[PDB]
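Novice: Pasting a structure here, questions to come.
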Amino acid sequence: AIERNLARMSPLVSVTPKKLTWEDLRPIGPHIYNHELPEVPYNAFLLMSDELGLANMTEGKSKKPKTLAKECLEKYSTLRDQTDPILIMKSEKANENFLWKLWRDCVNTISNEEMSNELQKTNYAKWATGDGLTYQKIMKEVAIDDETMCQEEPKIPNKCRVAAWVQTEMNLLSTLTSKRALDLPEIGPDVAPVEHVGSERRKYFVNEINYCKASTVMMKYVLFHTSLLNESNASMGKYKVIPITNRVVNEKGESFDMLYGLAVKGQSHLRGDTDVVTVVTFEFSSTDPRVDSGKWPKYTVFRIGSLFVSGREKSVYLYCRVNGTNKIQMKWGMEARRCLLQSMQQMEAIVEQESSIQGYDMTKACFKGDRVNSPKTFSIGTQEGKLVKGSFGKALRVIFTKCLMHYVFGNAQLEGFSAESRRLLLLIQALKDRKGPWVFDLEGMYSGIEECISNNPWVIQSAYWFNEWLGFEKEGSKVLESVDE
Amino acid sequence: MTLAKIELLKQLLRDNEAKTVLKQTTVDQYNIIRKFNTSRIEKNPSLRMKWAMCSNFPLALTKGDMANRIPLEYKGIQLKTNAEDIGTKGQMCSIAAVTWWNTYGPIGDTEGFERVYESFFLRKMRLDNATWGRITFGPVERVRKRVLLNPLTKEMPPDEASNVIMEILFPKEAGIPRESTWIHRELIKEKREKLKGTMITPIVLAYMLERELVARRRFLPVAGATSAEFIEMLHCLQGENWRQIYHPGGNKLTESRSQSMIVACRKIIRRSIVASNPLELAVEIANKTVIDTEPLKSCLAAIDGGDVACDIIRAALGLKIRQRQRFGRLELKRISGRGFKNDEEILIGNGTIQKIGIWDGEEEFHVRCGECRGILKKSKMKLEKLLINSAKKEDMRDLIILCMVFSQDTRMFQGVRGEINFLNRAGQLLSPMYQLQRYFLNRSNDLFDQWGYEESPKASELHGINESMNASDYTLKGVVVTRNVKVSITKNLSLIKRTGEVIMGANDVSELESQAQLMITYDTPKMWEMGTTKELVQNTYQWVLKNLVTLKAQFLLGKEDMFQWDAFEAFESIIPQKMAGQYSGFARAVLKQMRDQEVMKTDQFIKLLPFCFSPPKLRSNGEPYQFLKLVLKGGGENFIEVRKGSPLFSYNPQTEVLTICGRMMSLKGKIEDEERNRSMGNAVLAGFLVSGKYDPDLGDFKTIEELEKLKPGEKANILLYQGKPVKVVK
Amino acid sequence: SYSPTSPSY
Amino acid sequence: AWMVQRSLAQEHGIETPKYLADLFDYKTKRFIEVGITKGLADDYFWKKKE
Amino acid sequence: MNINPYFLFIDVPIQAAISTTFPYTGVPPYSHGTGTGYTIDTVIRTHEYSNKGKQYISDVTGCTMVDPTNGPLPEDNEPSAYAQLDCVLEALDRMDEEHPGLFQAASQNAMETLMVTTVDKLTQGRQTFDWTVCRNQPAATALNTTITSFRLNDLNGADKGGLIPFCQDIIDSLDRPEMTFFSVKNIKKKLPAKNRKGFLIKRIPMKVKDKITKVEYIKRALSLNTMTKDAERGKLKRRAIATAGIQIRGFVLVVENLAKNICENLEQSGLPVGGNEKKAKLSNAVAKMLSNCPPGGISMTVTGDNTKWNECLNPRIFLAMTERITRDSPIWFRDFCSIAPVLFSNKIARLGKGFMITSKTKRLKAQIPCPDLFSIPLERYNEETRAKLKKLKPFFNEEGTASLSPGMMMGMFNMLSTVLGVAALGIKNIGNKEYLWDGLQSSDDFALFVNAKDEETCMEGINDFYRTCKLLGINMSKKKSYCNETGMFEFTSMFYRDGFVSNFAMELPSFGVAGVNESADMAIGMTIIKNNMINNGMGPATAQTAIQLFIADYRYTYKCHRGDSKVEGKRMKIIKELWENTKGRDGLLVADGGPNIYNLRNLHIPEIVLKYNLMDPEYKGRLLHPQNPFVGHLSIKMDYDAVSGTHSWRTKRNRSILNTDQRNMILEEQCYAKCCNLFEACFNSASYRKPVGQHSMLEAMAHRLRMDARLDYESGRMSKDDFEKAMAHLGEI
RNA sequence: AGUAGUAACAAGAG
RNA sequence: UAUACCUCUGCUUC
């Protein structure tokens, strides 16, 4: 019966297989290069590279968050006392007065002598929190009669083009500093040689990440979400002011308590997991928004003084924005230290594979080099159209940054892109290994990938990185094509 | 307490709801109404716990006097609230209530705690009393096998374990007595005495008992050690690229040494065979081999287990050699007679052809099965005599059955009914003889009837027995129940006796390379030599790359100086001995092409140089054996392709990167300039060169059978790797 | 004791 | 019935019968097994003794 | 210098660094609001793939049924549900001729299991559609409401205990003309109070008998609830998943147990193979297909994936599969296994909440239930929903449900559908052409290997597999699937490349805090590290980091920072006292602000066992107080090793039920609980072992307490006073 | 506003 | 209408 059915079945039913060649791999997402579209805006919850933390030398032990922000503003009082608003840039649908009144209410509330960090439920706080904006539920019998009521057409994400602030975020978040931010607790004593190898490996692996920028940005997200979730359940009906805290240690070993800004908690009677609590962020910065205005259409910027940053004077700005989070995303923020393991495992695999080849701990060799071997070098990025060799440390941080950006911009566009693009990745590896790969409906692969490139910065920049990487592989394929033959 | 139960029963029966519940609901349905509740399944407990910990009173409390000893507040901190919980109907409390109870709560009775949770405490002493060894970096093959996770007190099935737990904790509610009670009466007596005075809840004891009785067997990547007290430390023992020598504390089993002892001796022999003077390597290694803590000398001396491989080493070191076989449950020892296995097809009783290895020649053994003992005399498919002793019925029955099956009698083969090709519980086909063992142990009525009977011995000390293991005048044919209860070794590892005969064959050990039970160790330089295929493949090629400077230089000078190096003997122990010379003669000839002619390929030189150790073997013509792939022992993966890359060996000429069993190596800076457009046909077949490119007139891609039969100076087409036609001449 | 470095710091 | 049989045997301190008995005398501390035969009583007696 | 993380793939290949392509540190997408649009999508699409078959109205239910089986074959690559019975039977015959004895043995093993299986088995079904209240409920409650309802219609199969009589009552309850069932309603009653006015009104609930007609009951018995799937990774758009009723559970259990017993012995099925064993199957299956055709034999591996897997496979095929698989078994078991497909063949789909219409002018909103779905002009819905509602009409029912004869739901016949996929792999050749295919199957994800002399033949061998699957109702994804030369492939997010690489990102979410409790989560967190070191390739440094990061997430979640550290909190204020009071500070657990003593070597050891010798006698006595109030009445998916101490607590019950009409179930619960708690005091083994008995629950307690009273008197525990009092109480009972 | 993204929250209920 | 600047609720399904 099988063979008798296959005889009478139409020839049109087939897989239409075609062997994959490199010119069949057209760059993914043709619309991201089109200038007719608007460039993708910064949409993270907090600032990352542009942040500016007000330092404060302390004993190095926990204090109350209000008292910390008070003593930080005590040190840098020139900015705290600035009640004169110098507005630089303004979000389309924002209210200069309300926002600045809010900032002053936060500053003064935190600066006061009393315990509570609660904020008065004002008319400007009710706008920035979005009070009463929920719609009223009514009976089905009424809505059926009311002919003005209709099913809303759904909001579809906008089609954004490539923006260079992502590239610069990546470039800067991956670089080293002099400030360690991680809060890694203690462990048991080492006994077995494996534990002494691991402990010795951590000195190279961990401090490579700890000293870089992305480590402090991550710890900022974690500790903030940790307290932002606590207020969201403890003080539900109460509007509260929460500081953007993070303790830091410099290379000399002195505990600096950093304050990157102040945030307003909304009304948080969060029943379902996806229920939203709107949060309003007031964050310090050194970046002039007029430089990259396409980056900040969601932000409202003031100018509230100046500081001696790197010896010279630098203008301090206040980036104000109405934002939002939910129970889920606050939890995933508390579980965001795991961005270490995903990048530390990936590179310890390369250290263990290299130790297999040469039969001794190749950690120091990979990072620094040694008597026998040179340091491990990777293709790290481009520079005026040619490759650049970065060290093992940099390749470690680049993955750690990529793992942090997977969270900070984590949504359905990322999942759909990563998954469907990973297929087109594997095919390229088969072409690199010359395993004669065949495809059945390549337009289906592209249609499945390209629908996920809308308005996620990390997706749009990864699609650009993917096409630059795909371009450089095509120049290497000119080596293998004429081998032997 | 009985009065309190009946009083609570009367007060409960006042409620017309409870009374109807108690009268209408069955004892079966108890299992339903117990799980009835308003509780919902938490789909995101990671989130819900972080949320619940930010609230005031997330925890629930049991209603009792101990709950009331917690105060409502403590120094301003709200410990608990008046509002009850829905499920418990006790006061809800905060996480601070726990910390208060641990600090200022009532000090309870913890006597018996160490005996209740003994199972866990035995892990602590197995780590505390242990001693660690060396950490070594280098490849490891990991074989994914079902293994026991934690060591047990006495292994049982769940049904058997539950009844034992039931007899310990709730004897009045055990129900029907089982045979397990009589078997494990001392384990019950022990656990009953140990767990008497404790105040901990029975349901906890039943959980801890079920942990140390029922087995947790799960698949895991393992190498070397497979014992439960090693598996529990598996995370620290090994990785994909590193090893850690570990010696756990406490006592270890005798059977566990027997398992590793065999694999150790076999692995010693498999290596020393290829190198001349095998006895020298076998003694050099075996002296410095260790099984966990004991050396191999001590284990072979103290344990009376062994097998073919085991004895051969016992001779090479010293002291006696025990020729003992194990047929499932029957344990034998060789008195006299050396039989020989021969594969034949026997048409067994049920009506099916079966390939079985028959043991020719006469043999005599000292037999023992559990408690019953005896002496066995057999020949080629015949039970000549079977002088056994009187013992328990199941031991006397199974000894006679196992002697009937081990003797390979035709009365046994022609006594099968139905089917006997059943798999085990996991789904693996058992071997011909063990299948008959599993069958006739259960269904013996076909064997006893087809056997036949005869007169019993009329000597006073001798007696006969019938089918039901009782004394009888008509005994089984050949069965009798009686009342009474130097060597040297060759260069090539065969044991000779004073009269010239040979009793142990070097070519008589099993090729099956299984995993050991304890930590196998080689306290020597060059451990890798006693390694798995890929371990030796990867190490060998690393020793090549490490000395590629001098080996490539000396290949232009020293003709056959390199082909034999210390390192390549280990690589040869991988190769099937029936192809070692064929590969060597081919690899040497292809290498000699690149030497004497002006066509070098360093990636190929590295690939074939290890295959050239074993003395070569050419064809009758003088030309070597041509090959597509050079297969190796174990697994279909392990082979080195000549033209293409392969799971073990491939080369990426774009990056000049060599892949050796996954690991990456760089050849950049060690390649000649003319290797850009240098086709591979000039190092694929020995005595062949590329003239032009694929000519359709020559025809199809000619196979090895054609290529070897082609005459010298004759063109032909060859396909290197998929999509690379080449035109080659001899 | 490890102090990472780079050609941009 | 088994809970009764085991509770009696365990409390009195004796072995539990492997089959289910019919009665139990408290004064004798002995389990009892009743049998209702048709023909001879001696036939049904020694068969139970097996 | 512009950094590019994709340039890592120049140096390290994609499989070697596959962990970096999975964004599992980020957030998974959740659903919002109704899933009616996604459910209607599935209804339209399921009929879209079978609309050229046979339409006919079911005289039993009154629904519009569609039948593709034995219909016209497709002439295009659009998903086809038009399977051919003969081709399925031949594929099963080929499977039987190569695996003989399995078909009848699996049926006997399942049949022997069924006879032993009891009714309580159904309580472990998680969420179940309760036909009495038309809501998703716990399985235990849904089962109980059905048994109490069955008792009102004189169907006491559950009283016998076995599953067979209960399943007999289910098919018999279909014939009932009117199915009665309980429904609770409230009553005011003046209870005496000391409240100025001497009384208080407490609304005591009472049960009421309520009836449903034969047809409306059969529809509910055939109905399946729906909802959107939350946290589905690696996908942009969301989709809907279903939930079944209590009737069909017993029949599916058997069919899946039957299909499991088949799948266990098949070598080309990855189900229910543990993820660790799946490599042992795959790597060896690859090793075979490698060394099989040396002479220019191009072995190709196809990374497969099926589209519309559930929406094309028809119950009518699964019914033919049971009839073939149960050839040797008796007639009663053949009728038993046939029921589950028959119900799925005539099933009904519920459409969730509905749609919410609003007016931005007035700031109002309202949900339109599925019954009222069409009580409104279609222009007032949005454009896409307007198109869906028009296509839904022919399959729409008056009471607001969708008829759905063809297709399956997401996760129903996983085993039995794997069998059909293996049956496709069993053909291996068509027309004796120069190739041979083999592979591994697991629901919608398959891995096909194809060996042949030239690749032109391989692609025709794949095409022969494609055209064969079409005849079975199996549709290969031309878009997602791709082919390459053997050596590397992908299968259920497991990446082979001359060996399966480690994919650490997949297991990364599990490293966080689990959410059971302080005691359990500690054990769980260290065990996850231990396991991932072994299986998922985590080195000692990254594992020692995970030891730190877990304690960090553990201490912030449970607010139990070091006692010497000066972090403030309600618990921390008591922890700092406990730190000053206790002498053996290293004996304190982390939950009590103690130090983390864990490392690589002692991951497998519980924390309470490690630090036991370091504790103070008063601390271990309070921490492990036998009768402490925090641990509840315990009763005996991965399990862990931990000690039952004060940190092994349970959280409060969800209190939302208090201000809704389901308050009744609280008194319903506690009424059972009081009986079970007393039954457990009478029978201590009830917590451990399942009690058996068709007799009354009270009788067991009465006899047991009578023996306890008689033995306690004659042994010498109770006096004549307590014995005569006990016999006087029991005499009344 | 904003979160967010094919449908919701921006409190609900008595 | 009122009690209700009150009360209950934060995964509890209609």
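By order in the structure tokens, chains are A, B, ...; within a chain, residues start at 1; ligands start at 1, following the order shown.
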Which residues come within 9 Å of residue 16 (chain D), counting only C-alpha atoms (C1' of nucleotides), excluding same-chain residues fewer than 5 positions away, as a PDB file with N, CA and C atoms, in the first residue's frame?
Specialist:
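Contents of the output file around-v9.pdb:
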ATOM      1  N   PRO B 177       1.921 -12.017  55.873  1.00  0.00           N
ATOM      2  CA  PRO B 177       3.366 -12.256  55.964  1.00  0.00           C
ATOM      3  C   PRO B 177       3.956 -12.611  54.606  1.00  0.00           C
TER       4      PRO B 177
ATOM      5  N   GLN D   5      -5.214 -10.329  63.870  1.00  0.00           N
ATOM      6  CA  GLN D   5      -4.350 -11.489  64.057  1.00  0.00           C
ATOM      7  C   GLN D   5      -2.936 -11.074  64.447  1.00  0.00           C
ATOM      8  N   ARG D   6      -2.398 -10.038  63.799  1.00  0.00           N
ATOM      9  CA  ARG D   6      -1.041  -9.597  64.112  1.00  0.00           C
ATOM     10  C   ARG D   6      -0.984  -8.897  65.465  1.00  0.00           C
ATOM     11  N   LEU D   8      -2.873  -9.428  68.069  1.00  0.00           N
ATOM     12  CA  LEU D   8      -2.943 -10.456  69.103  1.00  0.00           C
ATOM     13  C   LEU D   8      -1.615 -11.192  69.229  1.00  0.00           C
ATOM     14  N   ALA D   9      -1.072 -11.660  68.103  1.00  0.00           N
ATOM     15  CA  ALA D   9       0.175 -12.417  68.138  1.00  0.00           C
ATOM     16  C   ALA D   9       1.317 -11.574  68.692  1.00  0.00           C
ATOM     17  N   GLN D  10       1.373 -10.295  68.319  1.00  0.00           N
ATOM     18  CA  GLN D  10       2.470  -9.444  68.768  1.00  0.00           C
ATOM     19  C   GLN D  10       2.321  -9.084  70.241  1.00  0.00           C
TER      20      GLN D  10
END
Novice: Which residues of chain G come within 12 Å of chain A, and what is each one's closest atom pair and distance in Å (one decimal), counting only C-alpha atoms (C1' of nucleotides), sorted by chain and residue number, as a tab-separated table?
Specialist:
residue	atom	partner	partner_atom	distance
G:9	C1'	A:271	CA	8.7
G:10	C1'	A:271	CA	4.0
G:11	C1'	A:272	CA	6.7
G:12	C1'	A:272	CA	11.2
Novice: Give me a file of those residues, with N, CA, C and O atoms (P, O5', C5', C4', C3', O3' and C1' of nucleotides), as a PDB file, in the first residue's frame.
Specialist:
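Just written: again-v6.pdb:
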ATOM      1  P     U G   9      -7.014  38.544  53.696  1.00  0.00           P
ATOM      2  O5'   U G   9      -6.867  38.649  52.113  1.00  0.00           O
ATOM      3  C5'   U G   9      -7.547  37.744  51.252  1.00  0.00           C
ATOM      4  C4'   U G   9      -7.366  38.109  49.800  1.00  0.00           C
ATOM      5  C3'   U G   9      -5.928  38.262  49.320  1.00  0.00           C
ATOM      6  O3'   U G   9      -5.347  37.010  48.978  1.00  0.00           O
ATOM      7  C1'   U G   9      -7.253  40.083  48.543  1.00  0.00           C
ATOM      8  P     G G  10      -3.793  36.690  49.250  1.00  0.00           P
ATOM      9  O5'   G G  10      -3.047  37.331  47.999  1.00  0.00           O
ATOM     10  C5'   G G  10      -3.250  36.808  46.691  1.00  0.00           C
ATOM     11  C4'   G G  10      -2.309  37.416  45.682  1.00  0.00           C
ATOM     12  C3'   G G  10      -0.836  37.457  46.099  1.00  0.00           C
ATOM     13  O3'   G G  10       0.003  37.163  44.975  1.00  0.00           O
ATOM     14  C1'   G G  10      -1.587  39.644  45.592  1.00  0.00           C
ATOM     15  P     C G  11       0.743  35.736  44.842  1.00  0.00           P
ATOM     16  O5'   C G  11      -0.132  34.945  43.768  1.00  0.00           O
ATOM     17  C5'   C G  11      -0.453  35.532  42.515  1.00  0.00           C
ATOM     18  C4'   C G  11      -1.000  34.521  41.533  1.00  0.00           C
ATOM     19  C3'   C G  11      -2.346  33.897  41.874  1.00  0.00           C
ATOM     20  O3'   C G  11      -3.450  34.726  41.565  1.00  0.00           O
ATOM     21  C1'   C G  11      -0.847  32.204  41.182  1.00  0.00           C
ATOM     22  P     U G  12      -4.751  34.698  42.505  1.00  0.00           P
ATOM     23  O5'   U G  12      -5.355  33.237  42.305  1.00  0.00           O
ATOM     24  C5'   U G  12      -6.064  32.892  41.119  1.00  0.00           C
ATOM     25  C4'   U G  12      -7.179  31.910  41.393  1.00  0.00           C
ATOM     26  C3'   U G  12      -8.175  32.330  42.472  1.00  0.00           C
ATOM     27  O3'   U G  12      -9.475  31.833  42.144  1.00  0.00           O
ATOM     28  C1'   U G  12      -7.164  30.301  43.098  1.00  0.00           C
TER      29        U G  12
END
Novice: If you run DSSP on the backbone here, which positions in region 434-682 of chain B get strand (DSSP E)? Please write them as JSON, numbers by chain.
Specialist: {"B": [453, 454, 455, 462, 463, 474, 475, 476, 479, 480, 481, 482, 487, 488, 489, 495, 496, 497, 502, 503, 504, 520, 521, 522, 629, 630, 631, 639, 640, 641, 649, 650, 651, 652, 657, 658, 659, 660, 663, 664, 665, 666]}
Novice: Please build the interface table for chain A against chain B with a cut-off of 10 Å, listing for each qualifying residue the nearest atom pair and the distance in Å to one decimal; count only C-alpha atoms, order rows by chain and increasing number, and write it as a Markdown table.
Specialist:
| residue | atom | partner | partner_atom | distance |
| --- | --- | --- | --- | --- |
| A:191 | CA | B:132 | CA | 8.5 |
| A:192 | CA | B:132 | CA | 6.2 |
| A:193 | CA | B:135 | CA | 6.3 |
| A:194 | CA | B:135 | CA | 6.9 |
| A:195 | CA | B:236 | CA | 8.9 |
| A:197 | CA | B:135 | CA | 9.1 |
| A:226 | CA | B:50 | CA | 9.3 |
| A:227 | CA | B:54 | CA | 9.4 |
| A:229 | CA | B:51 | CA | 7.3 |
| A:230 | CA | B:54 | CA | 5.0 |
| A:231 | CA | B:54 | CA | 7.7 |
| A:232 | CA | B:54 | CA | 8.3 |
| A:233 | CA | B:54 | CA | 5.8 |
| A:234 | CA | B:55 | CA | 5.6 |
| A:235 | CA | B:55 | CA | 9.3 |
| A:273 | CA | B:47 | CA | 8.7 |
| A:327 | CA | B:47 | CA | 7.5 |
| A:328 | CA | B:47 | CA | 6.8 |
| A:329 | CA | B:47 | CA | 9.6 |
| A:330 | CA | B:47 | CA | 9.0 |
| A:331 | CA | B:47 | CA | 6.0 |
| A:332 | CA | B:47 | CA | 8.5 |
| A:334 | CA | B:50 | CA | 9.0 |
| A:335 | CA | B:46 | CA | 9.9 |
| A:349 | CA | B:241 | CA | 9.0 |
| A:350 | CA | B:663 | CA | 9.4 |
| A:351 | CA | B:241 | CA | 9.6 |
| A:352 | CA | B:241 | CA | 5.8 |
| A:353 | CA | B:241 | CA | 6.1 |
| A:354 | CA | B:663 | CA | 7.8 |
| A:355 | CA | B:137 | CA | 5.8 |
| A:356 | CA | B:138 | CA | 3.8 |
| A:357 | CA | B:138 | CA | 6.5 |
| A:358 | CA | B:138 | CA | 7.5 |
| A:359 | CA | B:137 | CA | 4.5 |
| A:360 | CA | B:137 | CA | 5.6 |
| A:361 | CA | B:137 | CA | 7.4 |
| A:362 | CA | B:137 | CA | 9.6 |
| A:432 | CA | B:652 | CA | 9.1 |
| A:433 | CA | B:652 | CA | 7.6 |
| A:434 | CA | B:722 | CA | 8.8 |
| A:435 | CA | B:722 | CA | 8.3 |
| A:436 | CA | B:722 | CA | 7.8 |
| A:476 | CA | B:654 | CA | 6.9 |
| A:477 | CA | B:654 | CA | 7.8 |
| A:478 | CA | B:654 | CA | 9.0 |
| A:479 | CA | B:654 | CA | 5.9 |
| A:480 | CA | B:654 | CA | 6.0 |
| A:481 | CA | B:654 | CA | 9.8 |
| A:482 | CA | B:677 | CA | 7.5 |
| A:483 | CA | B:677 | CA | 5.8 |
| A:484 | CA | B:679 | CA | 4.0 |
| A:485 | CA | B:679 | CA | 6.8 |
Novice: Would you tabulate, counting only C-alpha atoms, all residues of chain E that have an atom at most 9 Å from an atom of chain D, showing the closest pair of atoms and their distance in Å to one decimal, sorted by chain then ascending number, as a tab-separated table?
Specialist:
residue	atom	partner	partner_atom	distance
E:703	CA	D:4	CA	8.4
E:704	CA	D:3	CA	7.6
E:707	CA	D:4	CA	6.9
E:708	CA	D:7	CA	8.3
E:711	CA	D:11	CA	7.1
E:715	CA	D:11	CA	7.4
Novice: DSSP on the backbone, then: every residue of region 150-392 of chain A marked alpha helix (DSSP H), written as a count of residues only.
Specialist: 84
Novice: Have a look at CA of residue 435 (chain E) and CA of residue 452 (chain E) and let me know their distance in Å, one decimal.
Specialist: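 For CA of residue 435 (chain E) relative to CA of residue 452 (chain E), the distance reads 4.3 Å.
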Novice: Between CA of residue 406 (chain A) and CA of residue 26 (chain E), what is the distance in Å, rounded to a tenth?
Specialist: 5.4 Å
Novice: Find the residues around residue 14 (chain G) up to 9 Å (only C-alpha atoms (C1' of nucleotides) counted), leave out those fewer than 3 positions away in its own chain, and share them as a list in words.
Specialist: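 Neighbouring residues, sequence-local ones excluded: residues 133, 134 and 135 of chain E.
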Novice: If we count only C-alpha atoms (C1' of nucleotides) and set the cut-off at 7 Å, which residues sit around residue 455 (chain B), ignoring sequence neighbours fewer than 6 positions away in its own chain? Please answer as a list in words.
Specialist: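 These residues fall inside the cut-off: residues 473, 474 and 475 of chain B.
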Novice: So that I can check the surroundings of residue 20 (chain D), please list as a list in words every protein, DNA and RNA residue that reaches within 9 Å of it, counting only C-alpha atoms (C1' of nucleotides) and ignoring chain neighbours fewer than 2 positions away.
Specialist: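 After dropping sequence-adjacent residues, the list is residues 176 of chain B; 1, 2, 5, 17, 18, 22 and 33 of chain D.
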Novice: Tell me as a ChimeraX atom specification which residues belonging to chain E come within 7 Å of chain G, counting only C-alpha atoms (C1' of nucleotides).
Specialist: /E:135-136,654,656-657,659
Novice: Include N, CA, C and O atoms and write out the residues we just selected as an mmCIF file, in the first residue's frame.
Specialist:
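Generated output (part.cif):
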data_model
loop_
_atom_site.group_PDB
_atom_site.id
_atom_site.type_symbol
_atom_site.label_atom_id
_atom_site.label_comp_id
_atom_site.auth_asym_id
_atom_site.auth_seq_id
_atom_site.Cartn_x
_atom_site.Cartn_y
_atom_site.Cartn_z
ATOM 1 N N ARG E 135 -14.708 24.236 35.399
ATOM 2 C CA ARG E 135 -13.499 24.979 35.711
ATOM 3 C C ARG E 135 -12.350 23.997 35.870
ATOM 4 O O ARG E 135 -12.550 22.823 36.191
ATOM 5 N N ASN E 136 -11.139 24.491 35.637
ATOM 6 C CA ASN E 136 -9.941 23.705 35.890
ATOM 7 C C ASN E 136 -9.687 23.660 37.391
ATOM 8 O O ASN E 136 -9.589 24.705 38.043
ATOM 9 N N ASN E 654 -3.031 30.103 49.581
ATOM 10 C CA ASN E 654 -3.529 31.265 48.859
ATOM 11 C C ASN E 654 -4.894 31.654 49.407
ATOM 12 O O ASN E 654 -5.819 30.835 49.431
ATOM 13 N N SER E 656 -7.009 34.067 48.378
ATOM 14 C CA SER E 656 -7.969 34.708 47.485
ATOM 15 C C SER E 656 -9.329 34.025 47.535
ATOM 16 O O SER E 656 -10.359 34.671 47.311
ATOM 17 N N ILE E 657 -9.353 32.724 47.829
ATOM 18 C CA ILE E 657 -10.607 31.984 47.872
ATOM 19 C C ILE E 657 -11.540 32.516 48.950
ATOM 20 O O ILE E 657 -12.754 32.295 48.880
ATOM 21 N N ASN E 659 -12.740 35.473 49.772
ATOM 22 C CA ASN E 659 -13.805 36.358 49.285
ATOM 23 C C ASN E 659 -14.255 35.971 47.880
ATOM 24 O O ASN E 659 -14.303 36.791 46.963
#
Novice: Write out as a Markdown table a residue-level contact list of chain A versus chain F with cut-off 7 Å: for each qualifying residue the closest pair of atoms and the distance in Å to one decimal, counting only C-alpha atoms (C1' of nucleotides), rows sorted by chain and residue number upward.
Specialist:
| residue | atom | partner | partner_atom | distance |
| --- | --- | --- | --- | --- |
| A:93 | CA | F:1 | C1' | 6.8 |
| A:130 | CA | F:10 | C1' | 6.1 |
| A:133 | CA | F:10 | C1' | 5.6 |
| A:134 | CA | F:10 | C1' | 5.3 |
| A:154 | CA | F:6 | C1' | 5.6 |
| A:155 | CA | F:5 | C1' | 6.2 |
| A:156 | CA | F:5 | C1' | 5.9 |
| A:157 | CA | F:5 | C1' | 6.4 |
| A:269 | CA | F:11 | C1' | 5.5 |
| A:275 | CA | F:9 | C1' | 4.8 |
| A:276 | CA | F:9 | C1' | 5.3 |
| A:278 | CA | F:3 | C1' | 6.6 |
| A:322 | CA | F:2 | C1' | 6.0 |
| A:323 | CA | F:2 | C1' | 5.8 |
| A:324 | CA | F:3 | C1' | 4.5 |
| A:325 | CA | F:3 | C1' | 6.4 |
Novice: Just checking: using only C-alpha atoms, which residue out of E:688, E:217, E:630, E:511 ends up closest to chain A?
Specialist: E:511
Novice: Considering only C-alpha atoms, can you say which of B:534, B:368, B:267, B:702 comes closest to residue 511 (chain B)?
Specialist: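 Ranked by minimum distance to residue 511 (chain B), first place goes to B:267.
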